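A.B. asks: Have a look at the structure that comes next, please.
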Amino acid sequence: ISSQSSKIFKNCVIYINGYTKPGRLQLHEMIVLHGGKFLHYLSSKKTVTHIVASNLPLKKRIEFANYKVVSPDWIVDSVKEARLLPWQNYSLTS
């Protein structure tokens with residue numbers, strides 16, 4: 001009835017900020033195909049759980065302490081492994 005397989009981003013809404021390789025469109029597609037959800041843009045309010053940056057500045061790590069900011073490699077590599085990865089390894093929020 002329901003595959004529910006490679007559900008790496010199933011409970012995860014992901015926003016992308018800055019210039020990330022590969023493109024924000026591509027990373028967001030990698031999220032969706034893995035049963036995941038995404039966000040276009042935030043305006044201070046907590047309507048996301050994960051953010052993707054190329055690099056994330058220190059005062060913005062404080063700005064986004066509430067949101068698990070990571071490198072695009074979390075999304076790219078998890079999809080290539082078809083498994084959940086430690087986002088704390090790829091963390092740009094800390």
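Quick note on naming: the chains in the structure tokens go A, B, ... in the order shown, residues restart at 1 in each chain, and ligands are numbered from 1 in order of appearance.
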Contacts of residue A:67 at 9 Å or less, counting only C-alpha atoms, minus same-chain residues fewer than 4 places along, as a list in words?

C.D. replies: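 Contacts, in chain order: residues 46, 48, 49, 50, 51, 61, 63 and 93 of chain A.
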
A.B. asks: Store the residues picked out above, limited to N, CA and C atoms, as an mmCIF file, in the first residue's frame.

C.D. replies:
```cif
data_model
loop_
_atom_site.group_PDB
_atom_site.id
_atom_site.type_symbol
_atom_site.label_atom_id
_atom_site.label_comp_id
_atom_site.auth_asym_id
_atom_site.auth_seq_id
_atom_site.Cartn_x
_atom_site.Cartn_y
_atom_site.Cartn_z
ATOM 1 N N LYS A 46 9.103 30.389 13.646
ATOM 2 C CA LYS A 46 9.536 28.984 13.609
ATOM 3 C C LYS A 46 8.566 28.147 12.757
ATOM 4 N N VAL A 48 10.091 26.129 10.291
ATOM 5 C CA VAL A 48 11.071 25.178 9.731
ATOM 6 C C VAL A 48 11.898 24.546 10.878
ATOM 7 N N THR A 49 12.457 23.346 10.638
ATOM 8 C CA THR A 49 13.264 22.603 11.635
ATOM 9 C C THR A 49 14.735 22.469 11.184
ATOM 10 N N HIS A 50 14.973 22.511 9.859
ATOM 11 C CA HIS A 50 16.326 22.416 9.266
ATOM 12 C C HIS A 50 16.518 23.507 8.206
ATOM 13 N N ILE A 51 17.707 24.122 8.194
ATOM 14 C CA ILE A 51 18.122 25.125 7.190
ATOM 15 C C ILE A 51 19.427 24.641 6.531
ATOM 16 N N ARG A 61 24.226 31.934 13.482
ATOM 17 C CA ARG A 61 24.138 30.641 14.213
ATOM 18 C C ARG A 61 23.323 30.827 15.498
ATOM 19 N N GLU A 63 21.089 33.425 15.604
ATOM 20 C CA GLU A 63 19.796 33.817 14.971
ATOM 21 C C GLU A 63 18.957 32.568 14.643
ATOM 22 N N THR A 93 24.922 25.427 12.211
ATOM 23 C CA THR A 93 24.254 26.193 13.299
ATOM 24 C C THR A 93 25.122 26.184 14.579
#
```

A.B. asks: Could you please write out, as number ranges by chain, every residue of chain A that DSSP assigns to helix (DSSP H, G or I)?

C.D. replies: A: 24-32, 58-63, 73-81

A.B. asks: Taking only C-alpha atoms into account, name the residue in A:25, A:8, A:65, A:53 that is nearest to residue A:82.

C.D. replies: A:8

A.B. asks: If you count only C-alpha atoms, which residues fall within 8 Å of stretch 14-18 of chain A, apart from same-chain ones fewer than 5 positions away, as JSON, numbers by chain?

C.D. replies: {"A": [24, 28, 31, 37, 38, 39, 40, 41, 42, 48, 49, 50, 51, 52, 53, 54, 55]}

A.B. asks: Take the residues from that selection and put them in a file with N, CA, C and O atoms, as an mmCIF file, in the first residue's frame.

C.D. replies:
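Below is the file result_36.cif, written as the result:
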```cif
data_model
loop_
_atom_site.group_PDB
_atom_site.id
_atom_site.type_symbol
_atom_site.label_atom_id
_atom_site.label_comp_id
_atom_site.auth_asym_id
_atom_site.auth_seq_id
_atom_site.Cartn_x
_atom_site.Cartn_y
_atom_site.Cartn_z
ATOM 1 N N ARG A 24 19.330 25.091 -4.882
ATOM 2 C CA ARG A 24 18.268 24.994 -3.864
ATOM 3 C C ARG A 24 17.043 24.225 -4.391
ATOM 4 O O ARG A 24 16.390 23.514 -3.624
ATOM 5 N N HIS A 28 15.977 20.592 -2.664
ATOM 6 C CA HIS A 28 14.551 20.528 -2.263
ATOM 7 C C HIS A 28 13.838 19.331 -2.923
ATOM 8 O O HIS A 28 13.004 18.696 -2.291
ATOM 9 N N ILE A 31 14.859 16.152 -1.175
ATOM 10 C CA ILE A 31 14.068 16.100 0.062
ATOM 11 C C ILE A 31 12.668 15.503 -0.202
ATOM 12 O O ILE A 31 12.262 14.557 0.477
ATOM 13 N N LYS A 37 9.634 17.442 3.255
ATOM 14 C CA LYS A 37 8.921 18.714 3.097
ATOM 15 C C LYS A 37 9.951 19.858 3.071
ATOM 16 O O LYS A 37 11.056 19.710 3.607
ATOM 17 N N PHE A 38 9.597 20.998 2.450
ATOM 18 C CA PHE A 38 10.505 22.155 2.358
ATOM 19 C C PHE A 38 9.775 23.489 2.595
ATOM 20 O O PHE A 38 8.543 23.540 2.662
ATOM 21 N N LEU A 39 10.572 24.560 2.761
ATOM 22 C CA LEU A 39 10.072 25.921 3.018
ATOM 23 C C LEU A 39 10.775 26.891 2.039
ATOM 24 O O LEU A 39 11.981 26.739 1.770
ATOM 25 N N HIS A 40 10.008 27.878 1.520
ATOM 26 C CA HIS A 40 10.488 28.852 0.514
ATOM 27 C C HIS A 40 11.427 29.907 1.155
ATOM 28 O O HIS A 40 12.507 30.193 0.629
ATOM 29 N N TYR A 41 10.987 30.450 2.315
ATOM 30 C CA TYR A 41 11.625 31.591 3.001
ATOM 31 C C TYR A 41 10.935 31.832 4.357
ATOM 32 O O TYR A 41 9.707 31.748 4.449
ATOM 33 N N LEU A 42 11.738 32.121 5.399
ATOM 34 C CA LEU A 42 11.237 32.402 6.763
ATOM 35 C C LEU A 42 11.364 33.898 7.085
ATOM 36 O O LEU A 42 12.268 34.579 6.591
ATOM 37 N N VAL A 48 10.091 26.129 10.291
ATOM 38 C CA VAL A 48 11.071 25.178 9.731
ATOM 39 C C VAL A 48 11.898 24.546 10.878
ATOM 40 O O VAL A 48 11.983 25.119 11.972
ATOM 41 N N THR A 49 12.457 23.346 10.638
ATOM 42 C CA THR A 49 13.264 22.603 11.635
ATOM 43 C C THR A 49 14.735 22.469 11.184
ATOM 44 O O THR A 49 15.635 22.330 12.024
ATOM 45 N N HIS A 50 14.973 22.511 9.859
ATOM 46 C CA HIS A 50 16.326 22.416 9.266
ATOM 47 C C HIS A 50 16.518 23.507 8.206
ATOM 48 O O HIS A 50 15.609 23.794 7.440
ATOM 49 N N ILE A 51 17.707 24.122 8.194
ATOM 50 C CA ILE A 51 18.122 25.125 7.190
ATOM 51 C C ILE A 51 19.427 24.641 6.531
ATOM 52 O O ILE A 51 20.217 23.973 7.172
ATOM 53 N N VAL A 52 19.591 24.884 5.228
ATOM 54 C CA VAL A 52 20.792 24.476 4.469
ATOM 55 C C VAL A 52 21.541 25.709 3.961
ATOM 56 O O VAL A 52 20.998 26.487 3.189
ATOM 57 N N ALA A 53 22.797 25.859 4.383
ATOM 58 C CA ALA A 53 23.676 26.950 3.935
ATOM 59 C C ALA A 53 24.997 26.378 3.415
ATOM 60 O O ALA A 53 25.363 25.248 3.745
ATOM 61 N N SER A 54 25.695 27.157 2.573
ATOM 62 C CA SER A 54 27.068 26.838 2.152
ATOM 63 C C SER A 54 28.015 27.045 3.341
ATOM 64 O O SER A 54 28.825 26.180 3.676
ATOM 65 N N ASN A 55 27.871 28.215 3.968
ATOM 66 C CA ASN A 55 28.474 28.550 5.258
ATOM 67 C C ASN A 55 27.501 29.490 5.984
ATOM 68 O O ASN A 55 26.792 30.282 5.340
#
```

A.B. asks: To one decimal in Å, tell me the separation between atom CA of residue A:70 and atom CA of residue A:90.

C.D. replies: 5.1 Å

A.B. asks: Could you please determine the separation between atom CA of residue A:94 and atom CA of residue A:45 in Å, to one decimal place?

C.D. replies: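 These atoms are spaced 19.9 Å apart.
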
A.B. asks: Can you list every residue in chain A that DSSP puts in strand (DSSP E), as JSON, numbers by chain?

C.D. replies: {"A": [13, 14, 15, 16, 37, 38, 39, 50, 51, 52, 68, 69, 70]}

A.B. asks: May I have the residues from that selection written out with N, CA, C and O atoms, as a PDB file, in the first residue's frame?

C.D. replies:
```pdb
ATOM      1  N   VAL A  13      10.992  19.447   7.687  1.00  0.00           N
ATOM      2  CA  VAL A  13      10.851  20.602   6.779  1.00  0.00           C
ATOM      3  C   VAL A  13      12.231  21.280   6.644  1.00  0.00           C
ATOM      4  O   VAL A  13      12.859  21.619   7.661  1.00  0.00           O
ATOM      5  N   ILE A  14      12.716  21.447   5.400  1.00  0.00           N
ATOM      6  CA  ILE A  14      14.032  22.056   5.127  1.00  0.00           C
ATOM      7  C   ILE A  14      13.883  23.365   4.309  1.00  0.00           C
ATOM      8  O   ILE A  14      13.283  23.382   3.236  1.00  0.00           O
ATOM      9  N   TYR A  15      14.488  24.437   4.825  1.00  0.00           N
ATOM     10  CA  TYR A  15      14.672  25.713   4.122  1.00  0.00           C
ATOM     11  C   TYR A  15      16.131  25.791   3.665  1.00  0.00           C
ATOM     12  O   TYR A  15      16.992  25.175   4.270  1.00  0.00           O
ATOM     13  N   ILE A  16      16.403  26.499   2.557  1.00  0.00           N
ATOM     14  CA  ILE A  16      17.773  26.690   2.048  1.00  0.00           C
ATOM     15  C   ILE A  16      18.064  28.193   1.945  1.00  0.00           C
ATOM     16  O   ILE A  16      17.252  28.949   1.418  1.00  0.00           O
ATOM     17  N   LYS A  37       9.634  17.442   3.255  1.00  0.00           N
ATOM     18  CA  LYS A  37       8.921  18.714   3.097  1.00  0.00           C
ATOM     19  C   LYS A  37       9.951  19.858   3.071  1.00  0.00           C
ATOM     20  O   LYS A  37      11.056  19.710   3.607  1.00  0.00           O
ATOM     21  N   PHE A  38       9.597  20.998   2.450  1.00  0.00           N
ATOM     22  CA  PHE A  38      10.505  22.155   2.358  1.00  0.00           C
ATOM     23  C   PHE A  38       9.775  23.489   2.595  1.00  0.00           C
ATOM     24  O   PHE A  38       8.543  23.540   2.662  1.00  0.00           O
ATOM     25  N   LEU A  39      10.572  24.560   2.761  1.00  0.00           N
ATOM     26  CA  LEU A  39      10.072  25.921   3.018  1.00  0.00           C
ATOM     27  C   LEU A  39      10.775  26.891   2.039  1.00  0.00           C
ATOM     28  O   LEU A  39      11.981  26.739   1.770  1.00  0.00           O
ATOM     29  N   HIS A  50      14.973  22.511   9.859  1.00  0.00           N
ATOM     30  CA  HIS A  50      16.326  22.416   9.266  1.00  0.00           C
ATOM     31  C   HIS A  50      16.518  23.507   8.206  1.00  0.00           C
ATOM     32  O   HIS A  50      15.609  23.794   7.440  1.00  0.00           O
ATOM     33  N   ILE A  51      17.707  24.122   8.194  1.00  0.00           N
ATOM     34  CA  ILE A  51      18.122  25.125   7.190  1.00  0.00           C
ATOM     35  C   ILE A  51      19.427  24.641   6.531  1.00  0.00           C
ATOM     36  O   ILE A  51      20.217  23.973   7.172  1.00  0.00           O
ATOM     37  N   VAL A  52      19.591  24.884   5.228  1.00  0.00           N
ATOM     38  CA  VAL A  52      20.792  24.476   4.469  1.00  0.00           C
ATOM     39  C   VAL A  52      21.541  25.709   3.961  1.00  0.00           C
ATOM     40  O   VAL A  52      20.998  26.487   3.189  1.00  0.00           O
ATOM     41  N   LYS A  68      18.083  23.657  13.019  1.00  0.00           N
ATOM     42  CA  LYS A  68      19.287  22.852  12.745  1.00  0.00           C
ATOM     43  C   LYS A  68      19.822  23.154  11.331  1.00  0.00           C
ATOM     44  O   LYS A  68      19.419  22.520  10.348  1.00  0.00           O
ATOM     45  N   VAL A  69      20.685  24.189  11.242  1.00  0.00           N
ATOM     46  CA  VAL A  69      21.364  24.552   9.991  1.00  0.00           C
ATOM     47  C   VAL A  69      22.499  23.559   9.728  1.00  0.00           C
ATOM     48  O   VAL A  69      23.265  23.229  10.640  1.00  0.00           O
ATOM     49  N   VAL A  70      22.584  23.092   8.483  1.00  0.00           N
ATOM     50  CA  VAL A  70      23.549  22.092   8.038  1.00  0.00           C
ATOM     51  C   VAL A  70      24.150  22.522   6.695  1.00  0.00           C
ATOM     52  O   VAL A  70      23.748  23.536   6.107  1.00  0.00           O
TER      53      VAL A  70
END
```

A.B. asks: Just checking: using only C-alpha atoms, which residue out of A:57, A:62, A:35, A:86 ends up closest to residue A:11?

C.D. replies: A:35

A.B. asks: Can you tell me how far atom CA of residue A:2 sits from atom CA of residue A:27, in Å to one decimal?

C.D. replies: 23.7 Å

A.B. asks: I need the residue nearest residue A:75 from this list: A:43, A:30, A:60, A:92. Use only C-alpha atoms for the distance.

C.D. replies: A:30
